[PDB]
């Protein structure tokens, strides 16, 4: 029917800052647990509330406090943020204390020393090379998204308005091209015949997760908010 939901999904904060994560448990569940997970590592139990009462606590830092409300939703208030706080934060709910836990999608928090380096990607689509097509009868489009920071992007391919996965090969993880700039590439391979149809449309779509409306930004340059950036091309006859 539905599962645990959380908000926000991605958030970027400056060191010394403050934010609040919220969790809505499955309807009828009254027990809510929070975990912290450094990317690629184990889940770390933080705290558990059942009928608003704290039942058990792990290594919840004193800078963090959690409260559960009448409707059983839970909020973690995180203050005086440190770089070390960059992690995934999962909430999970169960009907009662002692029962099976159902997991939320997680909130990814990234804490930076200076928000002034945050910047969205530029995205370029490259049509197939003549040599590739002549030699293999396949046609590979390259999408390059780069110049972005931090590394919170999601790249997808759309052909004639529909998302595709067949023939898609995306780099598993963006890499740094310089201190405050990432690069990520993807390829979509189709048949030469499919590419040679002028009426086929191709779009590489990137979603960048950045600053929110809320965040302060000094005059001068556009605020690097969450936004979509894409590049497109049509097929091309011989």
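Residue numbers count along the first chain shown, from 1.
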item: Mean Cα B-factor comparison, 122-130 or 108-116, giving the higher one as deposited; value: 108-116
item: Of 42-50 and 55-63, the one with larger mean CA B-factor; value: 55-63
item: 156, 137, 140, 160, ranked by C-alpha B-factor: the highest one; value: 137
item: Deposited CA B-factor, highest of 183, 178, 207, 170; value: 178
item: Residue 212 by Cα B-factor - lowest, middle or highest third of the modelled chain; value: highest
item: Third of the chain's Cα B-factor distribution that residue 98 belongs to, per the entry; value: highest
item: Relative C-alpha B-factor of residue 19, binned into the chain's lowest, middle or highest third; value: highest
item: Residue 230, C-alpha B-factor rank within chain (lowest, middle or highest third); value: lowest
item: Ranked C-alpha temperature factor of residue 144 among modelled chain residues, by third; value: lowest
